[PDB]
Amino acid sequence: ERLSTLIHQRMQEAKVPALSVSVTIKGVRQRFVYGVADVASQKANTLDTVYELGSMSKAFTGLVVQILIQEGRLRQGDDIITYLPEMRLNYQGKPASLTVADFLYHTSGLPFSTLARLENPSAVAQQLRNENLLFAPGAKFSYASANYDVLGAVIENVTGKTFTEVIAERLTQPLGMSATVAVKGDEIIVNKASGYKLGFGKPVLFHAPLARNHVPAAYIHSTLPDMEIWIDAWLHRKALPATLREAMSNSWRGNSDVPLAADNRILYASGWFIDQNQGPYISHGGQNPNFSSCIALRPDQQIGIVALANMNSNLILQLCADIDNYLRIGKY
């Protein structure tokens, strides 16, 4: 009956050691901070606890891409080969032509093997060289985390800077997100939560080293209060420099130019799923071997929901939807 019941109940059901949730509706915001950030050392999860964003990193990457487009430095229809010259990929008999848009919207065709290759700690172009596409570029929407790693390399090539520096200079600094960072690699982050991989029970895993190339697709780190700032930025675009406002509108534009299933006509935007049903409802989950998270926005009602958890859990990916139901009709 109570939101706090819903969230607490789902946390126990998911067996996550720490859960952090923030929910805002019509300018009223409640926080839910639960559990321990490190089971063995008994360190309680707090507002300062840092969580890997997994695939929720893609919205930061996509927004930067659209900032560059807004400023005229890049175009969606640009051939990928200009920014990643050495990257050759093949469809059937003949090397395939690919655009920046194909990675933005997951219409590239990159094989499923390319995730466990990009997570492995060669530059991305040589890392994906002589790959075989699952389909013709543009033909279908297939989700592949590696697509946004390709976009990281684009951002560096065009910028002439590192991904971390762009993220900070373009997004984190101007927005005031002081605990959010695109990690360079294995170097330690203070206040960070330990990550767990479920089954049979939650044993620690965090330690495995993080591939630099995969950061833009899966390795941005953040906190609940910074994610709150991120949400409020997307909900309240005004008071932001015209460039960012326009890049944000364009970021939420879904690619309609793909086949849609009978039960699913949702589109993918620049690191977001866009759903018109009881919408606009804009969302994305994150799943990493040892972290999981979700975010959902329903601007028409100024609704913004984010959940961050130190364990990989399919329940966490459904959690933002459950909260949204409770807000929409008092039921979940």
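A residue's number is simply how far along the shown sequence it sits, counting from 1.
Gap between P121 and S122: 1 to 3 deposited residues without coordinates.
Relative to one another, 300-308 and 33-41 have unequal mean CA B-factors, and 33-41 is the one with the higher figure.
According to the PDB record, 3-11 carries the higher mean C-alpha B-factor of the two stretches 323-331 and 3-11. Remark: of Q173, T223, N90, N147, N90 shows the highest value [criterion: C-alpha B-factor in the PDB entry]. The residue among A233, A261, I155, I81 whose C-alpha atom has the highest B-factor in the PDB entry is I81. The entry lists a Cα temperature factor for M227 that places it in the lowest third of the chain's modelled residues. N130: CA B factor in the highest third of modelled residues in this chain (values from the PDB entry). The PDB entry assigns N255 a C-alpha temperature factor belonging to the lowest third of its chain's modelled residues.
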